[PDB]
Amino acid sequence: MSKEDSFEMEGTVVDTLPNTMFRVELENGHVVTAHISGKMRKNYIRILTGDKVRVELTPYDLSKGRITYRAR
């Protein structure tokens, strides 16, 4: 019985993709493209590149995930 699904993973944000996206490095062997909600963006200043945050990868495409929690 498998169970590979979505999960959280800490990473860093250092890249500026288009269409409101950024590259999240999981150089611990993984590379990804995440994005931050719009509400927060407009409700707070965008921190410079390299945001240590929590990345969530999905089974429909781990090469893609989202950010949810950031740290300096």
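What counts and how
Residues numbered from 1 in each chain as written, not as in the entry; some residues may be left out. Heavy atoms only, no water. UniProt positions renumbered as here; feature names shortened; annotations may be inferred.

As stated in the entry header, the method of structure determination is solution NMR.

Under the annotation held in the PDB entry, the protein chain carries the name Translation initiation factor IF-1 and is attributed to Pseudomonas aeruginosa. As recorded in the PDB, the entry bears the title "NMR structure of IF1 from Pseudomonas aeruginosa". You can read under Subcellular location (unreviewed entry) in the UniProt record for the protein chain the words "Cytoplasm". Its UniProt record, at the heading Sequence similarities (unreviewed entry), says of the protein chain: "Belongs to the IF-1 family."

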